[PDB]
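Below, chains carry the letters A, B, ... as their sequence lines are ordered, and counting in each starts from 1.
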Amino acid sequence: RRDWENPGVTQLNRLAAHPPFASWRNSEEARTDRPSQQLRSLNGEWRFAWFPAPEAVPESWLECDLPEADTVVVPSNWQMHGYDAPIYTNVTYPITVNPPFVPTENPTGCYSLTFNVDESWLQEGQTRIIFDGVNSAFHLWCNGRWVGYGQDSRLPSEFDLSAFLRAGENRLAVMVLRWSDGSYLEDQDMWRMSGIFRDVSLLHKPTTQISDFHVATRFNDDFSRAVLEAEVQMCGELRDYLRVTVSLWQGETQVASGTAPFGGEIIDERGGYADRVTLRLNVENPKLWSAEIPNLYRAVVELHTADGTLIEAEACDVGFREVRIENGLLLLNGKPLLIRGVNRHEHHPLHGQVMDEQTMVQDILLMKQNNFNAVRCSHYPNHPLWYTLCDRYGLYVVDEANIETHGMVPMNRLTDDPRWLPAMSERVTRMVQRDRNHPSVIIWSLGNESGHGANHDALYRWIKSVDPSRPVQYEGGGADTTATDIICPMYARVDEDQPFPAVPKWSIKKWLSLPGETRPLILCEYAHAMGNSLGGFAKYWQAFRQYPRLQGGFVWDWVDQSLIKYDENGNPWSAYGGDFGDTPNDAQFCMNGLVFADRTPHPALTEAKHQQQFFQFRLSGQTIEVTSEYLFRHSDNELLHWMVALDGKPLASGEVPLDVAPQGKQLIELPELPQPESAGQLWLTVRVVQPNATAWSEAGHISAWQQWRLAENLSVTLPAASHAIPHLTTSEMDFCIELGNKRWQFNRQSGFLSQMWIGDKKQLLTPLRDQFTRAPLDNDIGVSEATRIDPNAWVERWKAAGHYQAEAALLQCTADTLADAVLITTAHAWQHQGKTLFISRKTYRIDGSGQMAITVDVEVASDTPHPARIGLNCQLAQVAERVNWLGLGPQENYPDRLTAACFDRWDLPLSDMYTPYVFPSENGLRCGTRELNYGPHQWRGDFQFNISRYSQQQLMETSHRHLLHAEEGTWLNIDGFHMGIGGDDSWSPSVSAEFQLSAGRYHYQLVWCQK
Amino acid sequence: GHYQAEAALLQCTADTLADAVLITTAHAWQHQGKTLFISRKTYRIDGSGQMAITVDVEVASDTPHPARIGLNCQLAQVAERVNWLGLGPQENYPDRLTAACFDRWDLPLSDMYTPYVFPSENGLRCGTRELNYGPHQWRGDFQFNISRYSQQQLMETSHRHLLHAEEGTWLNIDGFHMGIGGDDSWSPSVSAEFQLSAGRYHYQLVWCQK
Ligand SMILES: O=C1O[C@H](CO)[C@H](O)[C@H](O)[C@H]1O
Ligand SMILES: [Mg+2]
Ligand SMILES: [Mg+2]
Ligand code: NA
Ligand code: NA
Ligand code: NA
Ligand code: NA
Ligand code: NA
């Protein structure tokens, strides 16, 4: 019947969805949430055979194992085993758009397993099998007999196997299809894989069982009282002796308990649900749940006979919290939330889309350590364990239905079609039915990028109906349609409007006050972290803090979707779109994370951690005002550490206990600071330290920090008198200056410093020249589809203007001998096709002390696209182990992404001055640098710089970091000015005007000498 | 002490180039043992009779942002016309110059002074690349005001009718000038982007025969 090409058939014989069950037969075990003998796992070694299409599968496979099959591990994505290639496409579907049809050549994975079943399981009760995740559709067989069918890759499919099993050995046969009508609703921007990627288990339930249960918590005005209501549903033999007891626990103390027989209240003319009961438990002064303090209670639901016989027990963690929208604000337990969130896909560089506990824990610890308090399940229900973890560690969650039809034209072609309503409703309803009891979930999402159709409105209402405790949001069709309680745009900018027809992305500040608008605004996606990005991140957070109704957003996104491949030597390297023969593909657009696939942070993570701090500071004289942005907890594990340093030199320091109530303030007056002797700038640096370890951080953890410039005493003392006088030697070809063991050589043909000698060794491999370009960042390339080349992208404008091809034309090069120095004056003009782009005028003054003062003045044609940078570069002949500097650091920082960096004395190994972005680009820059030390060299002034073994040219010509090769010597790029990196999105110019080098005339000066 | 600051010479040297004389100077402005600003300059006079003045200023970060960063002098001559290539023709400042247009403007010297009843800095014109007055010509990228009244007199006179034209012509040429503000006139109202807080500034002017 080809059910995989019929949106009308999304399952066959599948059991109803419900909350996590373990069918404990002992209440104490359910209370402690210990393992259940009634719940077995079938994960492990299975048999697998790949086929080009289902019609290729031999009939024998249903009854007997295939010799050609191999033994592989499950869960797993078969692309991760090499049976076929994983495909990375963003918007464009991986198959021809001809709904509900899929390619005749449909990759088919035949999984099979021989397992044992204890006769005890078949003598009573019900035995079902559960597939937590199968991509994308499958047929099931047990001992040769067809069982059922299922679709939707992100929610569990359950089947009753009671009448198929036999005591002893049994054999399952699962035929998984890569493509199905279900694929049309799974066009998320990620790797397209397939197989049984989530747990497979066997559950045993009594004939008379708990088939479903809902837990709700209502509160009085001040949350000093609560009522926990638990609706429990049963199946099987309904009798007067049956009872349900719901007891609530706080540790080993039972705080509440209620018992009752079945038979709900009357609801209509036909009566009520005789197979249901609702228990109501009163709880005084309940401990409230939040990401700040994840207080949890344990609820045990016991199905039993009135006289004391337990039939079965189920249970869940209960988080007492109220989520409601009032007067335009999203409130948690009555307080306005400030969502510090991030989008997180389920990705692993080695295992694909298979998740494991360790990876989940690592992510959560890293997220909380970096001040995140929320996560969005982009763009499908997650692995069941994820929610449990979020409940226990404390993270607000946006549970999103597995629905995305981005490739359709228009985007809502299927979501506005009533014939697709059935398939869609199952993706929404089954999600809610599964996760409604998790306190961590505070908002339901109808899916992602599927336009806005009537089906969305229908399902929006369905949820409001069945679960009035959680707000419902959906961004499609404009981000503010009738299908969302929250204005949830993606990449809407802070101050700039993007008036797209039909679906404009207004400036978020302006969006809130549009006539008639009252809803709160929380971006479902913003600050695209693709490669060297997150510029302008601070601008969002300043707005979030100033506008009550701007309540945050979810950064896009958590981790690069890169996969590991191996070279001929068996060495691993990160791969992206197209690296597996997959085509069409969207190359590196699958890597947009704050951390690498292996979870190593990207420089942008620190910027996020800083802007998302929970403590705000203000300075007034000797007083530091600390404000808490916590809504519930007190600062009971925080101490303030302060330090005053003069140009990196520690003068004073100390620590003060932090004792601020949520939303409160605390004043801390610093001691009488001693007026410094030396000249220079005094800097005050404060940091919040967590003395004690927690469940998510180690002792000493730094959660916040801030810097301030204090007093400054400008140096008015003239340096000592020079002993010698530099000597000039002229030739038609050069101007050579000598002073002791030091020598400078200027080429009279090029007009550049071509060499220097410190002692008996040369210092340059390449002449010191002007640089007005940079290896393009992903934000400069600005493309989200490897097929669209936006001529408006910065890289395209620089290329068309000739910035990368302009050649320096010498206009002047003269030498002058002064009383105590030699002066070299030069002027160059860079041109492209008779067009003068830049003009650089310099002077090099080498005096008797051995120092070279380089004064640079540049003119940039007002009509040429603003340049990426304005500085100099050269390849030093030597390679040193350390890089020392007085400026912003220690990590990479750019003009629009440097609030996190601190001014101080930093010292790192050369390697740390290079950021390993998978797709190479300008990187490792450090700004606000007053002094740079490398080997025998020292540069002084006020500049930005990056130093490494890779030239801008190599970075520019290389697609993968693993293909880079250290060049001889060290490449140095010292800029007087550098363009912002942007990142509001990576498919259009996103660098704010204030970070564009548009001044027309620039000036900077550097002093080069020996250390 | 900005109104008290005293120029204290730190350096003053002379050098002869192939076709010019280079005067290098350095000054420090202090008050109560505190260096407010450091002005470093070079003067280059070439054979064409042009004096190129390069100025680099340091402003202590802990001192309030200065009202302006420039040079001034009282010219002996009194011409009746003022010609310049820049924003105009009317008085305009950094945060109030959108209405002015870049072009060649020529007005009588009086028009270069705004008669506010309560005297104060006035008549400035921004984004100027060339200014002509009598036999003088100034080129660069600066703001300037020119009139018969010194900033000192304007600052000491409460009513405009009490102002007296001084001998010669006072010239104020600024590489940078602070915004005037106005959101209200009873509290700091000059927006951050219009405050001279960069710490380090640089500008260049060329003085020559008209
Ligand atoms: O709009 C979006 O932008 C992201 C770009 O990386 C990614 O494709 C998300 O899934 C999509 O919702
Ligand atoms: Mg179907
Ligand atoms: Mg998409
Ligand atoms: Na807000
Ligand atoms: Na992407
Ligand atoms: Na504390
Ligand atoms: Na590249
Ligand atoms: Na006055």
Indicate whether any N or O donor in one side chain lies under 3.5 Å from an N or O acceptor in the other, for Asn220(A) and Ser224(A).
-> yes
Of the non-hydrogen atoms in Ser136(A) and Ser183(A), which two are nearest, and what is the gap between them?
-> OG-OG, 3.8 Å
In terms of side-chain heavy atoms, does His406(A) have a donor or acceptor partner in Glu449(A) at a distance below 3.5 Å?
-> yes
Residue list, salt bridge (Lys or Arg N to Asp or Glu O under 4.0 Å) with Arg461(A), at least two apart or on another chain | none
Report yes or no: do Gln473(A) and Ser445(A) form a side-chain donor-acceptor pair below 3.5 Å?
-> no
Could you go step by step and tell me if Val428(A) and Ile403(A) meet the side-chain contact (heavy atoms from CB on, under 4.5 Å) rule?
-> CA-CA 8 Å; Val428(A) 174; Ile403(A) 309 175; 3.9 Å; yes
Do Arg430(A) side-chain atoms and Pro156(A) backbone N/O form a donor-acceptor pair below 3.5 Å?
-> yes
Check: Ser23(A) main-chain N/O paired with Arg25(A) side-chain donor or acceptor under 3.5 Å = yes
Could you tell me whether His379(A) and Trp556(A) have their ring centroids closer than 6.0 angstrom?
-> yes
Among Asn382(A), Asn437(A), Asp317(A), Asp399(A), which residue meets the side chain to side chain donor-acceptor pair (under 3.5 Å) test with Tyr387(A)?
-> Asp399(A)
Polar side-chain atom of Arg436(A) near backbone of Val466(A) as donor-acceptor pair, under 3.5 Å = yes
Return each pair, listed once, that meets side chain to side chain donor-acceptor pair (under 3.5 Å) where at least one residue sits in residues 411-424 of chain A; pairs must be two or more places apart or across chains.
-> none
Tell me, which pairs form a salt bridge (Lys or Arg N to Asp or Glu O under 4.0 Å) where one or both residues lie in residues 7-22 of chain A, sequence neighbours left out?
-> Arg14(A)-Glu426(A)
Please test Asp391(A) against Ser440(A) for side-chain hydrogen bond (donor to acceptor under 3.5 Å, both in side chains), starting from the C-alpha separation and ending with a verdict.
-> CA-CA 5 Å; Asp391(A) 283 340; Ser440(A) 55; 2.6 Å; yes
Give a yes or no on whether a salt bridge exists between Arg434(A) and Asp152(A), defined as a side-chain N under 4.0 angstrom from a carboxylate O.
-> no
After noting the C-alpha distance and the side-chain angles of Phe223(A) and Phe320(A), does the key distance pass the ring pair (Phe, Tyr, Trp, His ring centres under 6.0 Å) rule?
-> CA-CA 10 Å; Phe223(A) 300 82; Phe320(A) 279 76; over 10 Å; no
So does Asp240(A) have more than 12 non-hydrogen atoms from other groups sitting under 6.0 Å from CG?
-> no
Under 3.5 Å side-chain donor-acceptor pair for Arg128(A) and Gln126(A) | yes
Could you walk me through whether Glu525(A) and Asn343(A) pass the side-chain hydrogen bond (donor to acceptor under 3.5 Å, both in side chains) check?
-> CA-CA 7 Å; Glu525(A) 291 179 41; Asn343(A) 280 278; 5.1 Å; no
Quick one: does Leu631(A)'s side chain get under 4.5 Å of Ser290(A)'s, heavy atoms only?
-> no
Return yes if a side-chain donor-acceptor contact under 3.5 Å exists between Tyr460(A) and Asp485(A), otherwise no.
-> yes
Main-chain N/O of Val323(A) paired to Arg470(A) side chain as donor or acceptor, under 3.5 Å = no
Do side-chain atoms of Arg549(A) reach the backbone of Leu512(A) as a donor and acceptor pair under 3.5 angstrom?
-> yes
With sequence neighbours left out, the residues meeting side-chain contact (heavy atoms from CB on, under 4.5 Å) with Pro294(A) are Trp289(A)
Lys368(A) side chain to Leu395(A) main-chain N or O, any donor-acceptor pair under 3.5 Å?
-> no
Which pair of non-hydrogen atoms, one from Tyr474(A) and one from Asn448(A), has the smallest distance, and what is that distance?
-> CE1-N, 4.0 Å
With no hydrogens and no angle check, do the side chains of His139(A) and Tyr149(A) hold a donor and an acceptor under 3.5 Å apart?
-> no
Using 4.0 Å as the upper bound for N to carboxylate O, is an ion pair formed by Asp363(A) and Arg344(A)?
-> yes
Would you say the side-chain atoms of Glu186(A) and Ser153(A) include a donor-acceptor pair closer than 3.5 Å?
-> yes
Is there a donor in the side chain of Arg34(A) and an acceptor in the side chain of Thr32(A), or the other way round, less than 3.5 Å apart?
-> yes
Assess the side chains of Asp467(A) and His214(A): does a donor N or O sit below 3.5 Å from an acceptor N or O?
-> no
Mind checking what makes salt bridge (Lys or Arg N to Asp or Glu O under 4.0 Å) contact with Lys287(A), not counting sequence neighbours?
-> none
Within 45° of the axis and under 6.0 Å from the centre of the six-membered ring of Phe632(A), does NZ or CZ of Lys335(A) qualify?
-> no
Are the side chain of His438(A) and the backbone of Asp435(A) linked by a donor-acceptor contact shorter than 3.5 Å?
-> no
For residues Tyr396(A) and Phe554(A), establish whether the separation of their ring centroids is below 6.0 Å.
-> no
Go through the side-chain N and O atoms of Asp212(A) and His18(A) and say whether any donor and acceptor fall under 3.5 Å apart.
-> no
Taking distance alone, no hydrogens or angles, what donor-acceptor pairs closer than 3.5 Å link side-chain atoms of residues 254-280 of chain A to residues at least two apart or in another chain?
unit_1: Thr259(A); atom_1: OG1; unit_2: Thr245(A); atom_2: OG1; d: 2.7
unit_1: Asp268(A); atom_1: OD1; unit_2: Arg270(A); atom_2: N; d: 2.9
unit_1: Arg280(A); atom_1: NE; unit_2: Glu229(A); atom_2: OE2; d: 2.6

Distance-only side-chain donor-acceptor flag, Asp160(A) / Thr127(A), under 3.5 Å = no
Between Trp558(A), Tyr380(A), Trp386(A), which is the residue that forms a ring pair (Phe, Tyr, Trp, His ring centres under 6.0 Å) with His345(A)?
-> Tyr380(A)
Is the NZ or CZ atom of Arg31(A) both under 6.0 Å from the centre of the six-membered ring of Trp249(A) and within 45° of that ring's axis?
-> yes
When you measure from the side chain of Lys205(A) to the backbone N and O of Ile210(A), does any donor-acceptor pair fall under 3.5 Å?
-> yes
Hey, is the main chain of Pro206(A) close enough, under 3.5 Å, to the side chain of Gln209(A) for a donor-acceptor pair?
-> yes
Take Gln151(A) and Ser180(A) through the side-chain hydrogen bond (donor to acceptor under 3.5 Å, both in side chains) test and state the conclusion after the steps.
-> CA-CA 8 Å; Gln151(A) 291 183 193; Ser180(A) 69; 4.5 Å; no
Do you see a donor-acceptor pair shorter than 3.5 Å between the side chains of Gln353(A) and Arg154(A)?
-> yes
Is there side-chain contact between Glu302(A) and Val246(A), with heavy atoms separated by less than 4.5 Å?
-> no
Does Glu404(A) pair with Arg427(A) as a salt bridge, N-O distance under 4.0 Å?
-> no
Determine whether the side chains of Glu322(A) and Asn333(A) contain a donor N or O and an acceptor N or O closer than 3.5 Å.
-> no
Check against side-chain contact (heavy atoms from CB on, under 4.5 Å), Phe213(A) and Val244(A) = CA-CA 11 Å; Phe213(A) 67 100; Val244(A) 171; over 6 Å; no
Do side-chain atoms of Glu517(A) reach the backbone of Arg519(A) as a donor and acceptor pair under 3.5 angstrom?
-> yes
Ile508(A) side, atom CD1; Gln551(A) side, atom CD - distance, nearest 0.5 Å | 12.0 Å
Smallest separation among heavy atoms of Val354(A) and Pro75(A), with atom names = CG1-CG, 4.0 Å
